[PDB]
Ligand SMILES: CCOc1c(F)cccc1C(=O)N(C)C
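Below you will find one chain, with nothing else, as structure tokens; this is the form solved without the named molecule, and questions on how it binds or moves follow later.
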């Protein structure tokens, strides 16, 4: 992540990120809504950072340093460029909504009142079709990526040295290869929990309550479609094992 955004989301909550004199100007229900919207954006910033560790530190480091057989890097990191494009674009829209809402003279005091429309746009139309296609593919290749990683780590010395080298820094403690894969698979099922809690604190403007209700239903439709579209791929599974599913 870039330093400007990391500092903007360093605090544990929106109520601790804004100036105390600005926090005092709002009602408790607004503070509760803004705290959950801040957690959605903060966790999205961290998710895009997970994807950059996968594309830049791991995938590109393996291509530029190791001599793995063709098709192996794509097997370890399926769909990572498509996932990075989806979420960097979504993060850009969330951060632009925050930046437009800043008070003149401040780089920290803002309130986002219209998130629902941005979530309906993200979870409908061509962007929802791309998220469905990409997660259906990624989640069906999740077991295969973990198995390929374990095999290379146990048998290839240069691969093991590379992984121990780039994962040694304390900032990578939670972000080994297998950990990144499961953080990405689990991201999509965090959205309903976050949206439902923002909706609980968004009743003050009826158009906003209606838009977040529409967004929650669109996210659950996407998750149901991804879940129905998954079948784990397995290296060496024969056609007979597949048609006897």
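Residue numbers count along the first chain shown, from 1.
Another form exists, solved in complex with the named molecule; not displayed. Remarks below refer to it.
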**Request:** Run the site superposition, bring the named molecule over from its position in the deposited complex, and let me know if the shown form is open or blocked under the 3-atom, 2.4 Å backbone or C-beta criterion.
**Result:** open
**Fill in**
Residue within 4.5 Å of the named molecule in the deposited complex by heavy atom, from 164, 89, 99, 158, is 89
**Request:** Check, residue by residue, if 82, 85 and 127 all come within 4.5 Å of the named molecule in the deposited complex, counting heavy atoms only.
**Result:** yes
